[PDB]
Amino acid sequence: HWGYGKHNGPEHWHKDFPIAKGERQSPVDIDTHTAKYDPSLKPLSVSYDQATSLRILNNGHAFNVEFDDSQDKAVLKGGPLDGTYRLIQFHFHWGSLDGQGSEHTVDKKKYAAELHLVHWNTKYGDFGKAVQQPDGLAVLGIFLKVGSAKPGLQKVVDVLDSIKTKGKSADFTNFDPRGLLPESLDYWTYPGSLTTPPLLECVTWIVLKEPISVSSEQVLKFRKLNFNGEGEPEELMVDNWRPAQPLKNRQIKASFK
Ligand SMILES: CCOc1ccc(S(N)(=O)=O)cc1
Ligand SMILES: CCOc1ccc(S(N)(=O)=O)cc1
Ligand SMILES: [Zn+2]
């Protein structure tokens with residue numbers, strides 16, 4: 001099974017998922033000087049007021065906070081997107097050290113972690129069908145740096161004790177993801193992929209320029225999670241990030257001058 005260890009990590013994935021060496025893989029380094037301002041890009045529309053969280057799950061690669069996506073309750077639209085994308089889950093990638101952890105980089109800078117809010121295009125009916133389409137998903141990526149605490153993150157941090165190991169889930173209702181957003185919605189955007197297997201090339205990436213701050217204590221609690229299942233040898237869930245992939249024939253666009 002794929003993972004993030006020495007023997008099953010990102011350099012191994014291509015053997016079972018040949019699209020790993022494809023033409024629009026993610027993440028990438030965002031070269032801020034080469035990204036071009038696109039005045040035709042619209043403001044992002046993030047409508048999370050009726051979001052319904054249900055559950056939080058340790059899936060052995062990260063933890064997902066899952067949402068009820070059976071109605072238009074929490075949607076992303078505008079920006080580079082045509083149509084409406086429904087929030088299905090968010091998760092993070094993070095490091096063993098504050099100096100690494102993000103998947104995207106900015107002028108080669110690595111952040112301590114990266115939040116992915118995952119949305120699927122409602123014109124494809126559900127997530128499973130959407131990932132088979134080039135415009136199936138929109139993932140909103142938000143960088144985390146270590147400094148002041150993020151109050152809106154704390155309810156997530158405090159439930160992690162109950163989902164320490166792979167396969168554990170817990171009820172997680174009434175969580176408001178608006179508490180995880182930075183002030184500015186300025187963004188970079190490019191066509192890419194899932195950053196884990198199956199690495200499908202189905203994502204419009206929207207990466208916010210402004211990081212959020214989280215406390216050292218908050219990210220420390222991320223690092224207490226386990227990749228393993230209960231009763232298996234303990235392997236800390238850290239460094240669950242894929243490194244930057246070749247940009248190839250793509251242009252990253254900026255929403256801002
Ligand atoms: C269990 C055999 O070890 C493996 C299994 C899968 C992979 S993958 N999916 O990264 O190519 C690597 C080593
Ligand atoms: C079935 C896998 O679903 C995924 C996998 C990866 C991502 S990410 N890390 O690109 O945002 C989202 C959904
Ligand atoms: Zn992700």
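Nothing fancy with the numbering, it's 1 onward along the sequence.
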Engineer: How are the rings of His116 and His91 set to each other: parallel, tilted or perpendicular (split at 30° and 60°)?
Structural biologist: perpendicular
Engineer: Measure the shortest side-chain to side-chain distance between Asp158 and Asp161 over non-hydrogen atoms and say whether it is less than 4.5 angstrom.
Structural biologist: no
Engineer: Are side-chain heavy atoms of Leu181 and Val46 found at a separation under 4.5 Å?
Structural biologist: yes
Engineer: How about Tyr187 and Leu44: do any of their side-chain heavy atoms sit closer than 4.5 Å?
Structural biologist: yes
Engineer: Would you tell me whether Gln133 and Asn121 have side-chain atoms, one donor and one acceptor, within less than 3.5 Å of each other?
Structural biologist: no
Engineer: Where does the angle between the aromatic ring planes of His119 and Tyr48 fall among parallel (under 30°), tilted (30 to 60°) and perpendicular (over 60°)?
Structural biologist: parallel
Engineer: Would you say the side chain of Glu234 lies within less than 4.5 Å of the side chain of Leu236, judging by non-hydrogen atoms?
Structural biologist: yes
Engineer: With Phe90, which of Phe175, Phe172, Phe63 fulfils ring-ring contact (aromatic ring centres under 6.0 Å, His included)?
Structural biologist: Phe175
Engineer: Aromatic rings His104 and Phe143: how do their planes relate, parallel, tilted or perpendicular, breaks at 30° and 60°?
Structural biologist: perpendicular
Engineer: Quick one: closest heavy-atom pair of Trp241 and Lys110, and the distance?
Structural biologist: CH2-CE, 3.8 Å
Engineer: Are side-chain heavy atoms of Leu160 and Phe222 found at a separation under 4.5 Å?
Structural biologist: yes
Engineer: Do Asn226 and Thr165 have a side chain donor and acceptor closer than 3.5 Å?
Structural biologist: no
Engineer: Taking the side chain as everything from C-beta on, heavy atoms only, tell me whether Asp135 gets closer than 4.5 Å to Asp82.
Structural biologist: no
Engineer: Is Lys221 atom NZ crowded by more than 12 heavy atoms from other residues, nucleotides or ligands, each under 6.0 Å away?
Structural biologist: no
Engineer: Can you tell me how far apart CG (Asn58) and OG (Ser162) are? Round to the nearest 0.5 Å.
Structural biologist: 10.0 Å
Engineer: Can you tell me if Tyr37 and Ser255 form a side-chain donor-acceptor pair at under 3.5 Å?
Structural biologist: no
Engineer: With heavy-atom distances below 4.5 Å as the criterion, would you say the side chains of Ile252 and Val28 are in contact?
Structural biologist: yes
Engineer: If you draw a 6.0 Å radius around CG in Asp49, do more than 12 non-hydrogen atoms from other residues or ligands fall strictly inside?
Structural biologist: yes
Engineer: Can you tell me which residue among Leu144, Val219, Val214 is in a side chain to side chain contact (heavy atoms under 4.5 Å, CB included) with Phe92?
Structural biologist: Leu144
Engineer: Decide yes or no for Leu137 and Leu194: does some side-chain heavy atom of the first lie under 4.5 Å from some side-chain heavy atom of the second?
Structural biologist: yes
Engineer: Can you tell me if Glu232 has over 12 outside heavy atoms packed within less than 6.0 Å of its CD?
Structural biologist: yes
Engineer: Decide side-chain hydrogen bond (donor to acceptor under 3.5 Å, both in side chains) for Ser26 and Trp205; before the verdict, give the C-alpha distance in whole Å, the side-chain angles of both, and the deciding distance to 0.1 Å.
Structural biologist: CA-CA 9 Å; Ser26 298; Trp205 276 96; 3.1 Å; yes
Engineer: For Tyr111 and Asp98: C-alpha separation, side-chain torsions, deciding distance, then whether side-chain hydrogen bond (donor to acceptor under 3.5 Å, both in side chains) applies.
Structural biologist: CA-CA 7 Å; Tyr111 285 88; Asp98 294 351; over 6 Å; no
Engineer: So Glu103 and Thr195, side-chain hydrogen bond (donor to acceptor under 3.5 Å, both in side chains) or not? Walk me through it.
Structural biologist: CA-CA 8 Å; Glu103 300 207 297; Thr195 66; 2.6 Å; yes
Engineer: Passes side chain to side chain contact (heavy atoms under 4.5 Å, CB included), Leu76 versus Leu87? Steps please.
Structural biologist: CA-CA 7 Å; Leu76 182 66; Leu87 177 67; over 6 Å; no
Engineer: Of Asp126, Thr84, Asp69, which is the lone residue that meets side-chain hydrogen bond (donor to acceptor under 3.5 Å, both in side chains) with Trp120?
Structural biologist: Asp69
Engineer: How about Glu210: does its CD atom have over 12 heavy atoms from other parts shown lying under 6.0 Å from it?
Structural biologist: yes
Engineer: Mark yes when over 12 heavy atoms from residues, nucleotides or ligands other than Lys6 sit less than 6.0 Å from its NZ; otherwise mark no.
Structural biologist: no
Engineer: Evaluate side chain to side chain contact (heavy atoms under 4.5 Å, CB included) for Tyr4 paired with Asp239, printing each intermediate quantity in order.
Structural biologist: CA-CA 7 Å; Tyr4 294 95; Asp239 291 320; 5.9 Å; no
Engineer: Go through the steps for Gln25 and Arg242 under the test side-chain hydrogen bond (donor to acceptor under 3.5 Å, both in side chains), then give the verdict.
Structural biologist: CA-CA 11 Å; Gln25 287 291 291; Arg242 191 191 196 193; 2.8 Å; yes
Engineer: Can you classify the ring geometry of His61 versus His1 as parallel (below 30°), tilted (30 to 60°) or perpendicular (above 60°)?
Structural biologist: perpendicular
Engineer: Looking at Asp171, I want to see if its CG is surrounded by more than 12 non-hydrogen atoms of other residues, nucleotides or ligands under 6.0 Å.
Structural biologist: no
Engineer: So, for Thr189 and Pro80, which heavy atoms are closest and what is the spacing to 0.1 Å?
Structural biologist: OG1-CG, 3.5 Å
Engineer: Could you pull out the closest heavy-atom pair between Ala35 and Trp188, with the gap in Å?
Structural biologist: CB-CD1, 3.9 Å
